[PDB]
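Before any questions on how it binds or moves, here is one chain, the form deposited in one PDB entry, in structure tokens.
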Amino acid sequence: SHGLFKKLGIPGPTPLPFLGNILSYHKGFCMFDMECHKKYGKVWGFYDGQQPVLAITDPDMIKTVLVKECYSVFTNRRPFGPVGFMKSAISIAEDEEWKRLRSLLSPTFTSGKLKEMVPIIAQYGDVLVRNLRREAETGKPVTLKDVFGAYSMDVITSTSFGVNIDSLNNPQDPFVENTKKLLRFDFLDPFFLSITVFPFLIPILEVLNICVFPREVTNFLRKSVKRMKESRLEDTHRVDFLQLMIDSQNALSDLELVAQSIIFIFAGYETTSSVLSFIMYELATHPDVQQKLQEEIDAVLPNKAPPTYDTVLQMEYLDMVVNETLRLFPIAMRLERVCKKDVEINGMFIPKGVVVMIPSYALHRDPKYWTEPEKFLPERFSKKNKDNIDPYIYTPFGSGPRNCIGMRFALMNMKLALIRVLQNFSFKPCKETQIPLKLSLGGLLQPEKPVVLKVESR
């Protein structure tokens, strides 16, 4: 097992028995990835316990796996942990099961569908400024994660389900409470450290019904969504996510409906608020850019005009800012696909069962692609420069048919928030503000201490 890469002629850190190369994650595993790049070059291998994982950095080879050969060989991600009824969630499903889920759910974010969500979010656009406005008065610092979290939440519930829960009215909300308690993925947390390293214990916990959210958060939402379904089940309106799954129960199912709902609620809450917090951090430690964006917004939307679908896409510099923030903090860290048969991609033999890994975080910081890769430089994404940029190196949303199904909704939502927040306020560091920011070594791409900034009226 541990002789695969030495035999296949592929370089790597020498694994230990049982552990594999586990102990190298103490640094945080984005750093591990970095080092390996710099040390081993353009392809390397390592072992998550007894699981061989082959990292790849070549743009062609990446394209092959993410795009050309997705259907035939590289179809699924690495088996998650114990997931019980969540095994049917789109992000976790495999093969035939996945293909249908993907085609059935993709019509949720289209040219028209997103368009229909603007006026709805717009209400929470309003409700956010009004939240901040009262802290803007007081003067003592603000945790963005929380204010953004509450926004994110409102926007996901109301769009997917057409259910206003007005979480911005509520630093006392059941939903954000249970939903945030959802993940325990810390690399250096006792739990998952034991699974990829005892992967044969997964089949066990499944029997026990012990989950990565043991019965609590899911029981909540189980009957929670059971609640939303029935109201709609009679009262006629809008054809939405909730609805599109009632359209296909005319070959979908009940626990199956609940599962995608959860995936969405998590994604829409956590991804969105986390990134939005990194963007505000940057705008504060880079005042020039904050002002320059505040100019773009004012010019396109004069007299603090309400943002819209088409005005949003008009904003070049906004987009540059978003893309640049994502270059630095590509929240997935790594893209992964399991090799489901013996294969040869661009000259290299890859054996069945191997996990092929793309280290987004590291490629986003590769000194051999990006001048001053540590520095936050939005201009590197201008129309002049936006085309020297390999879409198989810069991949914050993955690529190919298994890429981020939420991408377009993510961008609009985020931007829709930024616009409204920057046309009413400015943002500046204080002496809680960690300069420069530090990522936690724990498995998530998080700031180790929360992001806290000062908010002034305009």
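Numbers for residues come from their place in the sequence shown, where the first is 1. In this text, the rigid core denotes the largest set of C-alpha atoms whose superposition between the two forms falls within 1.5 Å.
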Original post:
Is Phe185 one of the residues left unmodelled in a third or more of the other entries compared?
Top reply: yes
Original post:
In at least one third of the other PDB entries compared, is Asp240 left unmodelled?
Top reply: no
Original post:
Counting only residues of the deposited sequence, how many between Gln172 and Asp173 have no atoms in the entry (none, 1 to 3, 4 to 9, 10 or more)?
Top reply: none
Original post:
Which class fits the unmodelled deposited stretch between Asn250 and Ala251: none, 1 to 3, 4 to 9, or 10 or more?
Top reply: 4 to 9
Original post:
Which of the two stretches, 48 to 56 or 23 to 31, shows the higher mean Cα temperature factor in the record?
Top reply: 23 to 31
Subject >> 331 to 339 versus 149 to 157 - which carries the larger mean C-alpha B factor in the record >> reply: 149 to 157
**OP:** Determine which member of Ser360, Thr75, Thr138, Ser277 has the highest CA B-factor, using the values in the deposited entry.
**Re:** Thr138
**OP:** For the C-alpha B-factor as written in the entry, point me to the maximum among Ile262, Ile202, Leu377, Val239.
**Re:** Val239
Subject >> Within-chain third of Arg420 by Cα B-factor, per the entry >> reply: middle
Original post:
Based on the entry's values, in what third of the chain does the Cα temperature factor of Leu283 lie: lowest, middle or highest?
Top reply: lowest
Original post:
Relative to the other modelled residues in the chain, which third contains the C-alpha temperature factor of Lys38: lowest, middle or highest?
Top reply: middle
Original post:
So where's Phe349 on the chain's Cα temperature factor ranking, which third?
Top reply: middle
Original post:
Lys431's Cα B-factor: lowest, middle or highest third of the chain?
Top reply: highest
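Separately, the form deposited in another entry exists; it is not shown, and the next lines address it.
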Subject >> Comparing forms between this form and the one not shown after core superposition, the one residue of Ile204, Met348, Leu183, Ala305 displaced by 2 Å or more at CA >> reply: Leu183
Original post:
For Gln172, is the C-alpha shift between this form and the one not shown 2 Å or more after core superposition?
Top reply: yes
Original post:
Do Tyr151 and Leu183 have their C-alpha atoms closer or farther apart in that other deposited form than here, with the shift being 3 angstroms or more?
Top reply: closer
**OP:** Please say whether the CA atoms of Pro79 and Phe187 come closer or move farther apart in that other deposited form, knowing the change relative to this form is 3 Å or more.
**Re:** closer
